[PDB]
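Look below for two forms of one protein chain, each set out as structure tokens: first structure 1, then structure 2.
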Structure 1
């Protein structure tokens, strides 16, 4: 196919001038220090799709470090060097990070081709040359341009997933972000690497990251679902079986995470999802998952809390009951515990349980009473904190005045 294309006009019309100007300069600096300068990866992809990107990757043929020190000279910002693998990032204003790398060991200067070929999918393996001579040059050896037109996710070569099974995850994320489809050959390859154990063959940490990145997408459920279609989940969490049920939970989970965030703050989605994936895990199967990925040791208790009390919750919800009855179930629990509870309901029940949650957040108001009256009268320890709890509940449902309710339960519990 056409391998070279002029996207210079495309550049000036779609690229904000502060940024287009930075390209013209990087290109000239490249020429001044005698190195080919390319912008590569995601920006090239998004540019052709009309998507904005402010995370731009430069590849030079030469020395990133040199090239980047030479650039700092003429550009305002902070330079971070990473010597071990000649690489660098220049930090510019307005969320704008410019990363520079050195391409390793087809006119000739086509060593970018060896750089491009090492990448994951064709839409992500294209390059735009920035040196003034060839300023707008779209370099596309692998048919990523057409693959953008035809909405196709495609690996560069047969051994792609075997080299990095982490791309199994990447393929699905991108195919779900853009509504593309993983082409036949890649799908056979993807399926095969999953089936054979390639994921189980890759480190927890890299899997976790690729997982988190999915959870930072617009619609993670899409990807989780697609994963389930490719048996990927079974192989990440060996005791998790993604059934109509789990998936119904996952949908509720995702529906309610906003509403939670809005009222309780940051939700760590990786933990929120694990609450679902991991329900009903035996003790042993839990340690292995908790060790493969690094999972806060108390998690399995928190999950076990939700999976144990869920029918009771459901039950209380039907039969609308006194808020004080559900309090013990949401006591001092993570936003993920709350999310996990919400995973279990929809419609009327859902909102109903919402209102309880609010009633609990907001009505923690013990107000006038402040623990003084308690150790003013005689008290020690645990009793202090049990009278304080009985006062608390009485409020949630109705109310008394200041402390009739206090002497109500020191003389009701006195019995």
Structure 2
């Protein structure tokens, strides 16, 4: 179809002036040193979708270093010269970095063939002669305009399997869908075991992004269809009974964040993903990605403590009984428990969660009062804890609490004196 289009009007309309002047200027610098200058990637895409974008990715046909230095004489900022990739980055002020990379000059075609998705292909030339020129050898404009995610060629995934997760994140991100031939090509690489053949850090960064994106649940369930879950983490199985927890997790994570603070979504997920894990299955998952020595312990905790919790929620036990299972736990671990709760139990587990968060306040009485009482050692802790454990269900004068509490220890023997 059409390779060229005049987004020149669209540039001045959408793009902030301070930036336009940059594209304008960068283009002129191009001419001055004889290098075609293009802005590329996610900016082209975003400008087209009316979505704001500050990233200003740039390709030249010459030498990014030579160009980047020329640019600096007239642009104000820090020049970082990533030799060995012939890349560069001019750091201006206001919070702006121009990423400058290196490549019928249309060698930019070969450069745009190397990418993931037609909508992320495409380039806009910058040299004054061709200033507003949209370049689209692969009909990104078309897919962009009918919400499509096409992987430029049949080896896109083989060449880089991380695009498997990217493809998925883009769907939720822009609301687009993956056309058939990609869909087919994805599965093939997943099943070919291709993304196992890839590094931890890489698969994980991308995994994090998916979770930080618009809709997480939907993209995990999506990830499920394609059977990538099973291929990142060798033992997990996305069943109606694993999913269901996942749903629970994401429904109240907002509550967790509201009363307890940040929730590391990645981890919150691993919890449900990583359950029922033999030691040889974890020392690696943990090892391949970088999970926390021991995280395994914490998932187990909820895993094990789990059938006891709903019972404990049924039978409306006093909070005194719940504490043991949520005592210095992470927000992720709290989330994990919540993965189990539908409806009325939820309001309760939460109802105790705020009791246990609060009223932990001993007010007067601890540490001191006890040692003046003349007690020492690890005991102090247990007596303190067992006072508070009852202050969460009904309060006296917080002294009389001990004078009743130490007694309970006496005539069962507790220290001496």
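We call the rigid core whatever largest set of C-alpha positions still superposes within 1.5 Å between the two forms. Positions refer to the first chain, counted from 1.
Report the entry in 342, 189, 64, 35 that lies at the hinge, where the C-alphas stop fitting one rigid part best and start fitting the other, between the two structures. Comparing the two forms, the hinge residue turns out to be 189.
What turn in degrees does the smaller rigid part make against its larger partner between the two structures? Hinge rotation between the two structures: 9 degrees.
Rigid core superposed, the C-alpha shift at residue 297 between the two structures in Å: Value for residue 297 between the two structures: 0.8 Å of C-alpha shift.
Residue 183: how large is its C-alpha shift between the two structures, with the rigid core as the superposition reference, in Å? Taking the core as reference, the C-alpha of residue 183 is shifted 1.0 Å.
Using a rigid core fit, what is the CA shift at residue 30 between the two structures, in angstrom? Here residue 30 registers a C-alpha shift of 2.6 Å.
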